file entry.txt (compact mmCIF, N, CA and C atoms and all ligand atoms)
# COMPACT_ATOMS: atom_id res chain seq x y z
N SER L 7 0.82 -1.21 0.00
CA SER L 7 0.00 0.00 0.00
C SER L 7 0.86 1.28 0.00
N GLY L 8 0.26 2.42 -0.36
CA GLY L 8 0.95 3.71 -0.38
C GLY L 8 0.42 4.69 -1.41
N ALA L 9 0.64 5.98 -1.17
CA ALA L 9 0.16 7.01 -2.07
C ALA L 9 1.10 8.25 -2.12
N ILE L 10 0.93 9.10 -3.14
CA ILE L 10 1.64 10.37 -3.24
C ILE L 10 0.59 11.46 -2.91
N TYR L 11 0.92 12.38 -2.02
CA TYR L 11 0.01 13.45 -1.63
C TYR L 11 0.64 14.74 -2.08
N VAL L 12 0.11 15.33 -3.16
CA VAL L 12 0.70 16.55 -3.72
C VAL L 12 -0.40 17.55 -3.97
N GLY L 13 -0.30 18.73 -3.33
CA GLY L 13 -1.33 19.75 -3.45
C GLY L 13 -2.66 19.21 -2.96
N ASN L 14 -3.70 19.34 -3.77
CA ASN L 14 -5.00 18.80 -3.40
C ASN L 14 -5.29 17.45 -4.08
N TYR L 15 -4.25 16.67 -4.34
CA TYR L 15 -4.38 15.36 -4.99
C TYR L 15 -3.76 14.22 -4.17
N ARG L 16 -4.32 13.01 -4.32
CA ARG L 16 -3.83 11.77 -3.76
C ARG L 16 -3.65 10.82 -4.97
N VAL L 17 -2.43 10.31 -5.19
CA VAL L 17 -2.12 9.44 -6.32
C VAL L 17 -1.96 8.05 -5.78
N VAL L 18 -2.72 7.09 -6.26
CA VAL L 18 -2.63 5.71 -5.78
C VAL L 18 -2.63 4.76 -6.98
N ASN L 19 -2.26 3.46 -6.74
CA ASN L 19 -2.43 2.41 -7.76
C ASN L 19 -3.94 2.29 -8.00
N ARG L 20 -4.38 2.30 -9.25
CA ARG L 20 -5.79 2.21 -9.59
C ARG L 20 -6.41 0.92 -9.06
N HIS L 21 -5.63 -0.19 -9.05
CA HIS L 21 -6.18 -1.45 -8.55
C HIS L 21 -6.35 -1.47 -7.00
N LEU L 22 -5.80 -0.48 -6.30
CA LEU L 22 -5.97 -0.40 -4.85
C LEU L 22 -6.81 0.84 -4.42
N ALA L 23 -7.43 1.57 -5.38
CA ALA L 23 -8.19 2.76 -5.03
C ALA L 23 -9.42 2.38 -4.18
N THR L 24 -9.79 3.26 -3.25
CA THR L 24 -10.92 3.07 -2.32
C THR L 24 -12.26 3.63 -2.87
N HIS L 25 -13.40 3.42 -2.14
CA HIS L 25 -14.67 4.01 -2.54
C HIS L 25 -14.56 5.53 -2.52
N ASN L 26 -13.89 6.07 -1.49
CA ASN L 26 -13.66 7.50 -1.37
C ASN L 26 -12.85 8.04 -2.55
N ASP L 27 -11.80 7.33 -2.97
CA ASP L 27 -11.01 7.73 -4.15
C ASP L 27 -11.91 7.86 -5.40
N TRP L 28 -12.78 6.87 -5.65
CA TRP L 28 -13.68 6.89 -6.81
C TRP L 28 -14.79 7.96 -6.69
N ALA L 29 -15.25 8.26 -5.47
CA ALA L 29 -16.27 9.30 -5.23
C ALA L 29 -15.69 10.72 -5.43
N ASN L 30 -14.36 10.87 -5.30
CA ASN L 30 -13.66 12.14 -5.50
C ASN L 30 -12.63 12.00 -6.64
N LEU L 31 -12.94 11.17 -7.64
CA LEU L 31 -12.12 10.93 -8.81
C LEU L 31 -11.79 12.23 -9.56
N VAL L 32 -10.50 12.41 -9.93
CA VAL L 32 -10.01 13.50 -10.77
C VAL L 32 -9.63 12.89 -12.17
N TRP L 33 -8.85 11.81 -12.16
CA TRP L 33 -8.37 11.17 -13.38
C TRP L 33 -7.98 9.73 -13.07
N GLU L 34 -8.23 8.82 -13.99
CA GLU L 34 -7.80 7.43 -13.82
C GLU L 34 -7.38 6.85 -15.19
N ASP L 35 -6.43 5.92 -15.19
CA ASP L 35 -5.97 5.30 -16.44
C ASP L 35 -5.59 3.87 -16.15
N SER L 36 -6.46 2.90 -16.54
CA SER L 36 -6.20 1.47 -16.33
C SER L 36 -4.91 1.04 -16.99
N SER L 37 -4.59 1.60 -18.17
CA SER L 37 -3.35 1.20 -18.89
C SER L 37 -2.08 1.63 -18.13
N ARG L 38 -2.17 2.57 -17.19
CA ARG L 38 -1.03 2.99 -16.36
C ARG L 38 -1.14 2.47 -14.90
N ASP L 39 -2.29 1.88 -14.51
CA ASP L 39 -2.57 1.44 -13.14
C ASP L 39 -2.50 2.63 -12.20
N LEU L 40 -2.99 3.81 -12.62
CA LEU L 40 -2.99 4.99 -11.76
C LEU L 40 -4.38 5.56 -11.58
N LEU L 41 -4.63 6.12 -10.39
CA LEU L 41 -5.86 6.84 -10.13
C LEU L 41 -5.46 8.04 -9.25
N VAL L 42 -6.03 9.22 -9.53
CA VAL L 42 -5.83 10.45 -8.79
C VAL L 42 -7.20 10.90 -8.28
N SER L 43 -7.28 11.13 -6.97
CA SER L 43 -8.48 11.63 -6.32
C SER L 43 -8.16 12.97 -5.64
N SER L 44 -9.21 13.75 -5.37
CA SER L 44 -9.02 15.05 -4.74
C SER L 44 -9.01 14.91 -3.21
N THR L 45 -8.33 15.83 -2.53
CA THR L 45 -8.22 15.80 -1.07
C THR L 45 -8.60 17.14 -0.48
N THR L 46 -9.06 17.13 0.78
CA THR L 46 -9.41 18.36 1.51
C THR L 46 -8.13 18.97 2.13
N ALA L 47 -7.20 18.11 2.58
CA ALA L 47 -5.96 18.61 3.18
C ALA L 47 -4.87 18.75 2.13
N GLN L 48 -3.92 19.64 2.39
CA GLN L 48 -2.82 19.90 1.47
C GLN L 48 -1.73 18.83 1.60
N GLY L 49 -1.21 18.39 0.46
CA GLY L 49 -0.14 17.40 0.38
C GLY L 49 1.21 18.07 0.20
N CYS L 50 2.23 17.53 0.87
CA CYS L 50 3.55 18.15 0.83
C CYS L 50 4.61 17.32 0.12
N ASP L 51 4.23 16.46 -0.86
CA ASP L 51 5.23 15.70 -1.62
C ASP L 51 5.63 16.49 -2.87
N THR L 52 6.90 16.52 -3.20
CA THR L 52 7.42 17.20 -4.38
C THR L 52 7.53 16.16 -5.49
N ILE L 53 7.10 16.47 -6.72
CA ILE L 53 7.22 15.55 -7.84
C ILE L 53 8.45 15.95 -8.65
N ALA L 54 9.27 14.96 -9.02
CA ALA L 54 10.44 15.23 -9.85
C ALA L 54 10.00 15.53 -11.30
N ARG L 55 10.72 16.42 -11.97
CA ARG L 55 10.48 16.74 -13.37
C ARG L 55 11.87 16.58 -13.99
N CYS L 56 12.18 15.36 -14.45
CA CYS L 56 13.53 15.00 -14.90
C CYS L 56 13.53 13.70 -15.72
N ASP L 57 14.73 13.22 -16.13
CA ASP L 57 14.84 11.94 -16.81
C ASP L 57 15.84 11.03 -16.08
N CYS L 58 15.94 11.14 -14.72
CA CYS L 58 16.82 10.30 -13.89
C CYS L 58 16.51 8.83 -14.16
N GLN L 59 17.51 7.97 -14.19
CA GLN L 59 17.30 6.53 -14.29
C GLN L 59 17.88 5.80 -13.08
N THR L 60 18.13 6.52 -11.96
CA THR L 60 18.59 5.99 -10.70
C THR L 60 17.77 6.68 -9.59
N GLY L 61 17.53 5.93 -8.53
CA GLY L 61 16.77 6.41 -7.40
C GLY L 61 16.75 5.41 -6.28
N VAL L 62 15.87 5.65 -5.29
CA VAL L 62 15.73 4.84 -4.10
C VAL L 62 14.22 4.56 -3.93
N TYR L 63 13.84 3.28 -3.73
CA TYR L 63 12.42 2.98 -3.51
C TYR L 63 12.21 2.35 -2.12
N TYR L 64 11.00 2.49 -1.59
CA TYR L 64 10.67 1.90 -0.31
C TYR L 64 10.04 0.51 -0.54
N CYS L 65 10.60 -0.51 0.11
CA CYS L 65 10.11 -1.89 0.00
C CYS L 65 9.47 -2.33 1.33
N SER L 66 8.10 -2.30 1.43
CA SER L 66 7.40 -2.69 2.65
C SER L 66 7.75 -4.09 3.11
N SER L 67 7.84 -5.05 2.17
CA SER L 67 8.13 -6.46 2.44
C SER L 67 9.49 -6.72 3.13
N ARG L 68 10.36 -5.70 3.20
CA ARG L 68 11.65 -5.79 3.87
C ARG L 68 11.86 -4.63 4.87
N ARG L 69 10.89 -3.68 4.99
CA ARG L 69 10.96 -2.45 5.80
C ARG L 69 12.30 -1.74 5.54
N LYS L 70 12.68 -1.64 4.25
CA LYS L 70 13.96 -1.06 3.85
C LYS L 70 13.82 -0.25 2.57
N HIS L 71 14.74 0.71 2.38
CA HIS L 71 14.82 1.49 1.14
C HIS L 71 15.98 0.89 0.32
N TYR L 72 15.80 0.72 -0.99
CA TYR L 72 16.86 0.18 -1.83
C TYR L 72 17.21 1.11 -2.98
N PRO L 73 18.50 1.28 -3.27
CA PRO L 73 18.88 2.05 -4.48
C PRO L 73 18.74 1.15 -5.75
N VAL L 74 18.27 1.71 -6.87
CA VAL L 74 18.03 0.96 -8.10
C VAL L 74 18.36 1.81 -9.33
N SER L 75 18.72 1.13 -10.41
CA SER L 75 18.82 1.74 -11.74
C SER L 75 17.49 1.27 -12.36
N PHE L 76 16.78 2.13 -13.06
CA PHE L 76 15.50 1.74 -13.65
C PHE L 76 15.40 2.18 -15.10
N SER L 77 14.60 1.47 -15.89
CA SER L 77 14.48 1.77 -17.31
C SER L 77 13.60 3.03 -17.54
N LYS L 78 13.64 3.61 -18.74
CA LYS L 78 12.79 4.77 -19.05
C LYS L 78 11.32 4.32 -19.20
N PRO L 79 10.36 5.22 -18.92
CA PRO L 79 8.94 4.85 -19.06
C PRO L 79 8.61 4.20 -20.39
N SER L 80 7.98 3.01 -20.36
CA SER L 80 7.69 2.31 -21.61
C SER L 80 6.51 1.32 -21.46
N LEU L 81 6.07 0.72 -22.59
CA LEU L 81 4.97 -0.25 -22.64
C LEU L 81 5.56 -1.60 -22.30
N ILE L 82 5.09 -2.24 -21.23
CA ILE L 82 5.61 -3.52 -20.81
C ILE L 82 4.48 -4.50 -20.58
N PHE L 83 4.61 -5.75 -21.11
CA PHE L 83 3.57 -6.75 -20.88
C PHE L 83 3.44 -7.10 -19.39
N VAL L 84 2.19 -7.14 -18.89
CA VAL L 84 1.88 -7.52 -17.53
C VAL L 84 0.85 -8.66 -17.55
N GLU L 85 1.19 -9.77 -16.90
CA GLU L 85 0.36 -10.98 -16.78
C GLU L 85 -1.05 -10.69 -16.25
N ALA L 86 -2.01 -11.58 -16.54
CA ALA L 86 -3.39 -11.44 -16.05
C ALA L 86 -3.42 -11.53 -14.50
N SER L 87 -4.39 -10.88 -13.87
CA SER L 87 -4.56 -10.85 -12.41
C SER L 87 -6.07 -10.67 -12.09
N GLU L 88 -6.47 -10.58 -10.79
CA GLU L 88 -7.90 -10.34 -10.47
C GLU L 88 -8.36 -8.91 -10.80
N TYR L 89 -7.42 -8.02 -11.16
CA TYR L 89 -7.73 -6.63 -11.43
C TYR L 89 -7.74 -6.33 -12.92
N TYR L 90 -6.86 -6.98 -13.70
CA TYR L 90 -6.79 -6.73 -15.15
C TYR L 90 -6.56 -8.00 -15.95
N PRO L 91 -7.03 -8.03 -17.21
CA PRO L 91 -6.64 -9.14 -18.10
C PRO L 91 -5.16 -8.93 -18.54
N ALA L 92 -4.58 -9.89 -19.28
CA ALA L 92 -3.22 -9.75 -19.80
C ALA L 92 -3.17 -8.52 -20.73
N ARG L 93 -2.23 -7.58 -20.49
CA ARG L 93 -2.20 -6.35 -21.29
C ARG L 93 -0.81 -5.69 -21.27
N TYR L 94 -0.64 -4.61 -22.04
CA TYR L 94 0.58 -3.82 -21.98
C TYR L 94 0.29 -2.61 -21.04
N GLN L 95 1.10 -2.44 -19.99
CA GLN L 95 0.92 -1.30 -19.09
C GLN L 95 1.92 -0.24 -19.54
N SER L 96 1.44 0.96 -19.84
CA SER L 96 2.26 2.06 -20.33
C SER L 96 2.87 2.87 -19.17
N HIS L 97 3.92 3.68 -19.49
CA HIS L 97 4.62 4.54 -18.54
C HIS L 97 5.23 3.72 -17.37
N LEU L 98 5.65 2.48 -17.64
CA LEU L 98 6.18 1.60 -16.60
C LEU L 98 7.71 1.52 -16.69
N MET L 99 8.40 1.57 -15.54
CA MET L 99 9.88 1.52 -15.47
C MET L 99 10.28 0.31 -14.66
N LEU L 100 11.16 -0.55 -15.16
CA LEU L 100 11.58 -1.74 -14.42
C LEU L 100 12.97 -1.58 -13.82
N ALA L 101 13.20 -2.25 -12.70
CA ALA L 101 14.50 -2.34 -12.02
C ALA L 101 14.71 -3.76 -11.52
N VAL L 102 15.97 -4.16 -11.31
CA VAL L 102 16.29 -5.41 -10.66
C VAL L 102 16.20 -5.07 -9.17
N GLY L 103 15.39 -5.82 -8.46
CA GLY L 103 15.19 -5.58 -7.05
C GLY L 103 14.06 -6.40 -6.48
N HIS L 104 14.04 -6.51 -5.16
CA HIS L 104 13.01 -7.25 -4.48
C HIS L 104 11.66 -6.49 -4.44
N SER L 105 10.60 -7.24 -4.68
CA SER L 105 9.24 -6.74 -4.61
C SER L 105 8.29 -7.92 -4.50
N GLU L 106 7.25 -7.77 -3.68
CA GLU L 106 6.19 -8.74 -3.44
C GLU L 106 4.84 -8.03 -3.52
N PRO L 107 3.74 -8.75 -3.83
CA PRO L 107 2.41 -8.10 -3.79
C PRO L 107 2.22 -7.63 -2.35
N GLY L 108 1.97 -6.35 -2.20
CA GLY L 108 1.95 -5.73 -0.89
C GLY L 108 2.85 -4.51 -0.91
N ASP L 109 3.91 -4.54 -1.77
CA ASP L 109 4.82 -3.44 -2.00
C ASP L 109 4.25 -2.36 -2.87
N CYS L 110 3.14 -2.64 -3.61
CA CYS L 110 2.49 -1.61 -4.47
C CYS L 110 2.21 -0.35 -3.68
N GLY L 111 2.50 0.81 -4.26
CA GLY L 111 2.29 2.07 -3.53
C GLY L 111 3.57 2.65 -2.96
N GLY L 112 4.60 1.81 -2.77
CA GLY L 112 5.90 2.27 -2.28
C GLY L 112 6.52 3.29 -3.23
N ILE L 113 6.99 4.41 -2.68
CA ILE L 113 7.51 5.49 -3.48
C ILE L 113 8.93 5.24 -3.97
N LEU L 114 9.15 5.59 -5.25
CA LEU L 114 10.48 5.63 -5.87
C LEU L 114 10.84 7.14 -5.94
N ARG L 115 12.05 7.53 -5.48
CA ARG L 115 12.47 8.94 -5.44
C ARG L 115 13.88 9.09 -5.95
N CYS L 116 14.16 10.22 -6.55
CA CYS L 116 15.51 10.61 -6.98
C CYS L 116 15.84 11.94 -6.22
N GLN L 117 17.01 12.56 -6.48
CA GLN L 117 17.36 13.84 -5.82
C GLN L 117 16.33 14.98 -6.12
N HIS L 118 15.53 14.85 -7.20
CA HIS L 118 14.55 15.87 -7.58
C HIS L 118 13.15 15.71 -6.94
N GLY L 119 12.91 14.58 -6.30
CA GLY L 119 11.61 14.32 -5.68
C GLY L 119 11.01 13.01 -6.11
N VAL L 120 9.67 12.91 -6.06
CA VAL L 120 8.95 11.70 -6.35
C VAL L 120 8.94 11.36 -7.83
N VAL L 121 9.36 10.13 -8.17
CA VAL L 121 9.41 9.64 -9.54
C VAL L 121 8.17 8.78 -9.91
N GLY L 122 7.81 7.88 -9.01
CA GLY L 122 6.68 7.00 -9.24
C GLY L 122 6.38 6.10 -8.07
N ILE L 123 5.52 5.10 -8.29
CA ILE L 123 5.14 4.18 -7.23
C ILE L 123 5.20 2.74 -7.74
N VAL L 124 5.56 1.78 -6.85
CA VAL L 124 5.57 0.34 -7.20
C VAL L 124 4.19 -0.04 -7.72
N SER L 125 4.14 -0.77 -8.86
CA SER L 125 2.90 -1.18 -9.49
C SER L 125 2.96 -2.63 -9.96
N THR L 126 4.16 -3.17 -10.27
CA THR L 126 4.34 -4.57 -10.70
C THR L 126 5.64 -5.15 -10.08
N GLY L 127 5.84 -6.46 -10.17
CA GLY L 127 7.05 -7.09 -9.67
C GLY L 127 7.08 -8.59 -9.88
N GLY L 128 8.01 -9.25 -9.22
CA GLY L 128 8.23 -10.69 -9.33
C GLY L 128 9.44 -11.03 -10.20
N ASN L 129 9.95 -12.24 -10.11
CA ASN L 129 11.11 -12.70 -10.90
C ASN L 129 12.41 -11.90 -10.61
N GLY L 130 12.48 -11.27 -9.45
CA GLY L 130 13.65 -10.48 -9.08
C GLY L 130 13.63 -9.09 -9.70
N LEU L 131 12.45 -8.65 -10.15
CA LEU L 131 12.23 -7.35 -10.75
C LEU L 131 11.19 -6.57 -9.95
N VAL L 132 11.16 -5.25 -10.16
CA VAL L 132 10.17 -4.35 -9.60
C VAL L 132 9.83 -3.32 -10.69
N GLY L 133 8.55 -3.08 -10.90
CA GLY L 133 8.06 -2.13 -11.87
C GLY L 133 7.38 -0.95 -11.21
N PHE L 134 7.72 0.26 -11.67
CA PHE L 134 7.20 1.52 -11.10
C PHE L 134 6.32 2.28 -12.11
N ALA L 135 5.12 2.68 -11.71
CA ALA L 135 4.27 3.51 -12.55
C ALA L 135 4.86 4.95 -12.46
N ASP L 136 5.35 5.51 -13.57
CA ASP L 136 5.92 6.86 -13.56
C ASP L 136 4.85 7.95 -13.41
N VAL L 137 5.15 9.05 -12.70
CA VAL L 137 4.22 10.18 -12.54
C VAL L 137 4.86 11.52 -12.98
N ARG L 138 6.13 11.52 -13.41
CA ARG L 138 6.86 12.73 -13.80
C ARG L 138 6.26 13.50 -14.97
N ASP L 139 5.55 12.83 -15.88
CA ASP L 139 4.91 13.50 -17.01
C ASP L 139 3.60 14.21 -16.62
N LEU L 140 3.01 13.88 -15.44
CA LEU L 140 1.72 14.48 -15.01
C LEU L 140 1.93 15.88 -14.44
N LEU L 141 2.17 16.84 -15.33
CA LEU L 141 2.49 18.22 -14.94
C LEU L 141 1.40 18.94 -14.17
N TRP L 142 0.12 18.56 -14.41
CA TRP L 142 -1.04 19.15 -13.75
C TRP L 142 -1.12 18.86 -12.26
N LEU L 143 -0.38 17.85 -11.77
CA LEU L 143 -0.32 17.54 -10.34
C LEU L 143 0.14 18.73 -9.50
N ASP L 144 0.89 19.68 -10.12
CA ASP L 144 1.51 20.88 -9.55
C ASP L 144 0.86 22.21 -9.86
N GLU L 145 -0.29 22.25 -10.54
CA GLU L 145 -0.92 23.54 -10.88
C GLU L 145 -2.43 23.53 -10.77
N1 LIG V 201 -0.05 -3.33 -12.45
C1 LIG V 201 -0.69 -4.50 -12.40
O1 LIG V 201 -1.38 -4.93 -13.32
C2 LIG V 201 -0.48 -5.31 -11.13
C3 LIG V 201 -1.83 -5.58 -10.43
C4 LIG V 201 -1.65 -6.50 -9.22
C5 LIG V 201 -0.91 -7.77 -9.61
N2 LIG V 201 0.35 -7.44 -10.30
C6 LIG V 201 1.60 -7.75 -9.87
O2 LIG V 201 2.59 -7.50 -10.54
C7 LIG V 201 1.73 -8.39 -8.49
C8 LIG V 201 1.57 -9.91 -8.55
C9 LIG V 201 0.62 -10.54 -7.77
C10 LIG V 201 0.44 -11.91 -7.84
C11 LIG V 201 1.19 -12.66 -8.71
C12 LIG V 201 2.12 -12.05 -9.51
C13 LIG V 201 2.31 -10.68 -9.43
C14 LIG V 201 2.96 -7.85 -7.78
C15 LIG V 201 4.06 -8.64 -7.50
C16 LIG V 201 5.20 -8.10 -6.92
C17 LIG V 201 5.25 -6.75 -6.63
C18 LIG V 201 4.17 -5.95 -6.90
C19 LIG V 201 3.03 -6.49 -7.47
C20 LIG V 201 0.14 -6.65 -11.51
ZN ZN V 202 15.47 13.11 -10.93
call {"tool": "encode", "arguments": {"input": "entry.txt", "output": "structure tokens", "more": "lines below"}}
Ligand SMILES: NC(=O)[C@H]1CCCN(C(=O)C(c2ccccc2)c2ccccc2)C1
Ligand SMILES: [Zn+2]
result
Amino acid sequence: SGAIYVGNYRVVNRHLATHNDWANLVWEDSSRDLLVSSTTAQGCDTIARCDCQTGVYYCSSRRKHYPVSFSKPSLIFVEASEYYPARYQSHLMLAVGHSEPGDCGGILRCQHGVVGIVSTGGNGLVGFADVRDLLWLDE
């Protein structure tokens, strides 16, 4: 679990969004596994606006932060699950690293701020849904 709180927005994995998230829906995209809902309180997370390919992510399954090199945002095949059929998930960045179902929502960060959140994993890999292109999160 986990979310990004920036301004009057809450960014979560679309497959883990709550009834409240859907009742205050701003934008959602199944192909990116992202959902953004509105909030009453102000969020103090900074979003990175960069092309860094190195950062640090939080891994709940180990209660530890790990440094990773990650690929640029791209279309990657993701196996079928109870949330989606087999499909290509866009804006996804992969790294070699530990991840388990439960780690979704963990923040990936570089020196510029928040890069994305854990969205896929397994096989000694971890996939992050990128949020750096969502410029409206800041205005
Ligand atoms: N974006 C999606 O479509 C995800 C929806 C939830 C499922 N999913 C995973 O990748 C998930 C997983 C769960 C059960 C078997 C295999 C994989 C996982 C595993 C390790 C770390 C994070 C998540 C795909
Ligand atoms: Zn950066």
call {"tool": "atom_distance", "arguments": {"input": "entry.txt", "atom1": "CA of residue 130 in chain L", "atom2": "CA of residue 74 in chain L"}}
result
12.3 Å
call {"tool": "residues_around", "arguments": {"input": "entry.txt", "residues": "residue 107 in chain L", "least_positions_apart": "6", "cutoff": "7 Å", "atoms": "only N, CA and C atoms", "output": "PyMOL selection string"}}
result
chain L and resi 7+127-128
call {"tool": "closest_residue", "arguments": {"input": "entry.txt", "among": "L:104, L:16, L:97, L:78", "to": "ligand LIG 201 (chain V)", "atoms": "all atoms listed in the file"}}
result
L:104
call {"tool": "residues_near_ligand", "arguments": {"input": "entry.txt", "ligand": "ligand LIG 201 (chain V)", "cutoff": "8 Å", "atoms": "only N, CA and C atoms and all ligand atoms", "output": "number ranges by chain"}}
result
L: 19-22, 36-40, 84-91, 93, 95, 104-111, 124-129, 131-133, 135
call {"tool": "select_by_dssp", "arguments": {"input": "entry.txt", "residues": "chain L", "states": "strand (DSSP E)", "output": "number ranges by chain"}}
result
L: 10-19, 31-35, 40-50, 60-65, 70-75, 80-84, 93-102, 113-116, 119-128, 131-136
call {"tool": "residues_near_ligand", "arguments": {"input": "entry.txt", "ligand": "ligand ZN 202 (chain V)", "cutoff": "8 Å", "atoms": "all atoms listed in the file", "output": "list in words"}}
result
residues 53, 54, 55, 56, 57, 58, 59, 60, 61, 115, 116, 117, 118, 119, 120 and 121 of chain L
call {"tool": "closest_residue", "arguments": {"input": "entry.txt", "among": "L:43, L:73, L:122, L:10", "to": "residue 23 in chain L", "atoms": "only C-alpha atoms"}}
result
L:43
call {"tool": "residues_around", "arguments": {"input": "entry.txt", "residues": "residue 29 in chain L", "least_positions_apart": "3", "cutoff": "8 Å", "atoms": "all atoms listed in the file", "output": "PyMOL selection string"}}
result
chain L and resi 24-26+32+43-44
call {"tool": "closest_residue", "arguments": {"input": "entry.txt", "among": "L:12, L:50, L:18, L:92", "to": "residue 134 in chain L", "atoms": "only C-alpha atoms"}}
result
L:18
call {"tool": "atom_distance", "arguments": {"input": "entry.txt", "atom1": "CA of residue 102 in chain L", "atom2": "CA of residue 62 in chain L"}}
result
12.2 Å
call {"tool": "closest_residue", "arguments": {"input": "entry.txt", "among": "L:46, L:96, L:30, L:14", "to": "residue 79 in chain L", "atoms": "only C-alpha atoms"}}
result
L:96
call {"tool": "atom_distance", "arguments": {"input": "entry.txt", "atom1": "CA of residue 76 in chain L", "atom2": "CA of residue 31 in chain L"}}
result
29.5 Å
call {"tool": "axis_aligned_box", "arguments": {"input": "entry.txt", "around": "range 39-52 of chain L", "padding_each_side": "6 Å", "output": "lines of an AutoDock Vina configuration file"}}
result
center_x = -0.9
center_y = 10.7
center_z = -5.7
size_x = 28.9
size_y = 30.5
size_z = 29.7
call {"tool": "select_by_dssp", "arguments": {"input": "entry.txt", "residues": "chain L", "states": "helix (DSSP H, G or I)", "output": "PyMOL selection string"}}
result
chain L and resi 20-22+25-29+36-38+66-68+141-144
